[PDB]
């Protein structure tokens, strides 16, 4: 009932065995080595798409690089997913999450725009949420160069990218884009860059994760909050879009995704809360290393598909 999946144990062993630069092996985590290691073992290939296209989105600090993923070359008007990557083991960009965004596009049969928002410390807050909001409003306008007619937005993101989902949804709630946000899907969201990581002894499942693995997740959280800066949404959640919130059972910050789901329910916002029992923080980009993550991701995508179908059915009824 308290457990670690066997593929999860293997990944945690792989993390503990990662040597350092020939400079000094010891306890070694050069971002360069992490980048090589995670690119190699983490996720499946991007694979085949009808559309895989670089975009340039006009933004308040210059052009925002983005990328369109679509199983189809062309399609009827419908929703578009806008994706905000999180970070941790790697800083994160279009390449780190590209296999996930391609697979999301295939399973939901919808176009996915992934956003390469400005990172800290090069670009202070509020560059990251400004870019995410600019990108959502641009997609919502159905720009000629996108080659898609967009009738609604779905926002998706992982870890601190999850908080970029929450803050962008709240911004478009307060000042709507051309079309509405009809669903949010934050994966294991990190909802407060101000909040200190739990210590080993404060996590009830610490004994299952082990101190050495928990140190990895702590380091990832700290690095992520350094690079991906957004404000906690501590105010009223009334009028936020219907949600799928997914946590990791072995994630020391599972309480952050749980509390967001709980606050949505208390405000009367529909929410599907799921927890990946015996899986870790960061699983959506670990679908090769930890194949049991596929089931976790597919369960989230099925819930999101139900919200989208119901949301479009309720709009066809109202009109």
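Positions refer to the first chain, counted from 1.
Higher mean CA temperature factor, per the PDB entry, when comparing 111 to 119 with 86 to 94: 86 to 94. Checked against the record, the higher mean CA B factor of 64 to 72 and 36 to 44 lies with 36 to 44. Considering 242, 248, 235, 129 together, the PDB entry gives 235 the largest C-alpha B factor.
Ranking 137, 173, 106, 227 by the C-alpha B-factor listed in the PDB entry places 106 at the top. In this PDB entry, the Cα temperature factor of residue 191 sits in the bottom third of its chain's modelled residues, the lowest group. Per the PDB record, residue ranking by Cα B-factor puts residue 161 in the lowest third of the chain. When the CA B factors of the chain's modelled residues are split into thirds, the value for residue 57 lands in the middle one.
Residue 287: CA B factor lies in the middle third for its chain, per the PDB record.
Ranked by C-alpha B-factor against the other modelled residues of its chain, residue 256 falls in the lowest third.
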